[PDB]
């Protein structure tokens, strides 16, 4: 059914548009696969964060219907406050009535103020929706709005423009080779299982690794213990607390590969290293969210810029294809 170009802030933040209300008030929301709620700065908020963002005004939408239910949604710190309501929400073109939205009441963290989006549109499963909010996608779903019950993401590199969110279709001009499928191991986050880690075609840490596939994370994150041997591998050393390493040593650095469903997919240094001039930082960090099984990897933006990503809700599976 359609796609749209969305924006890239320094390869950290991938955010784009949506419209809410009759007549429509337009907002920049982070497209987040690692969360399921929908919320927007609202005129019920007066924190400082809320002051510099685009606020949603319920009185100026002739389609709004309020619900007094409040939400307390700490997002794995984000940790705001909200009130539930209902209005028509449009994403990528002309679609969703009686869509349950969170209007913020108090929004702090030494990121809501300077974050570049006015709210968050969660794309994970209903299970992780704080306070039972119906995720957007689940509704397009139920209301049989899309051709196919898929969405996919292309992310650009070096902050170029060209990132895309495709809903109900895949964009064929964005990947090369074959789509590599793996099923969702848990219908929480978009979780998948990893059969093995390899560094230069050789083993190194997994037989039970799970990986959340998150657009909300700017990094690739590894299990707390194993972070270290990987560090020891490329030669990274603590610097403002970044793990940096000499540029000059970079074309000869290891290839990391994950065995997911029998296929071992590579991740070159070119991809996990950000060379932001004369300085090479290691974009890899320690896994922060708690495993409700056994330690987890988070495949944030560093994997997603290497792999075009397909999320499949009728068959519960995620697919990767090399990004073009």
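Residue numbers count along the first chain shown, from 1.
Worksheet entry | 61-69 versus 32-40 - greater average Cα B-factor per the deposited record | Mean CA B-factor is higher for 61-69.
Discussion item. Going by the mean C-alpha B-factor recorded in the entry, which is higher: 84-92 or 245-253?
Written reply: Result of the comparison: 245-253.
Worksheet item: Out of 201, 162, 102, 169, which residue has the highest Cα temperature factor in the PDB record?
Response: The C-alpha B-factor peaks, among 201, 162, 102, 169, at 201.
Worksheet item: Of the choices 273, 260, 267, 278, which one's C-alpha carries the largest B-factor in the record?
Response: Of the options given, 278 has the highest CA B-factor in the PDB entry.
Discussion item. Going by the CA temperature factor in the PDB record, which third of the chain does residue 239 belong to: lowest, middle or highest?
Written reply: Its C-alpha B-factor belongs to the highest third of this chain's values.
Discussion item. Sorting by Cα B-factor within the chain, modelled residues only, which third would residue 289 end up in: lowest, middle or highest?
Written reply: Residue 289: CA B-factor falls in the highest third of its chain.
Worksheet item: When the modelled residues of the chain are sorted by Cα temperature factor, does residue 2 land in the lowest, middle or highest third?
Response: As the PDB entry reports it, the C-alpha B-factor of residue 2 lands in the lowest third of its chain.
Worksheet item: Going by the entry, which third of its chain does the Cα temperature factor of residue 112 land in?
Response: Highest third.
Item to complete: Sort the modelled residues of this chain by their C-alpha B factor and say whether residue 119 lands in the lowest, middle or highest third.
Response: For residue 119, the deposited C-alpha B-factor lands in the lowest third.
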